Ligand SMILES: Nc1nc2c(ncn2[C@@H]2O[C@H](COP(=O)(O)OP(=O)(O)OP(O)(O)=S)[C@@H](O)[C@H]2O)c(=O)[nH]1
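In structure tokens, one chain follows: the form deposited without the named molecule.
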């Protein structure tokens, strides 16, 4: 309903579930089955209040890898222009994808420390249903520091479970508090 544009990047290694998460955040369902793809989340800013306003929040899923040549990272940097928020997606199974988030973030800070950064960040970990009943505690501590070094909210979910995206959820409140913060900081 608003012609105000909001742009949120979705960064992460290939295979962590960026496509399944974006599909979950927009179409409110599960991904059944190249380049940069964009889906739109219709977010009601301050829903139910006297300041309610409908925004169209673009989720930009850029591909690639953090090991490519700087003549390919410089071409990938034109998509990082005019960013209002960044979602960093990592695989709770693949601990190497959580370290590469530190390189994705610097990739955006190199062609746009973390304490001078003003862009709201959100760290989302995937494949939580694949965690063990005794390794749950060990990996959660490794990601709590991940959300502290970025000064970001943390959310851990399974993209194949539709109860991660049910209304009222604690994953839906941290999500709406993030999209609200993205709109507040100069939408």
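Positions refer to the first chain, counted from 1. Here, rigid core means the biggest group of C-alpha atoms that superpose within 1.5 Å across both forms.
Below, we refer to the form solved in complex with the named molecule, which is not included among the displayed structures.
- At a distance threshold of 4.5 angstroms between non-hydrogen atoms, residue 127 is in contact with the named molecule in the deposited bound form.
- Under a 4.5 angstroms non-hydrogen atom cutoff, the named molecule in the deposited bound form lacks residue 143 among its neighbouring residues.
- Using a 4.5 angstroms limit between non-hydrogen atoms, residue 165 is distant from the named molecule in the deposited bound form.
- Using a 4.5 angstroms limit between non-hydrogen atoms, residue 152 is distant from the named molecule in the deposited bound form.
- Annotation for 148-162: interface residues with the named molecule in the deposited bound form are 157, 158, 159, 160 [heavy atom within 4.5 Å].
- Relative to the superposed core, residue 28 shifts its CA atom by 2 Å or more between this form and the one not shown.
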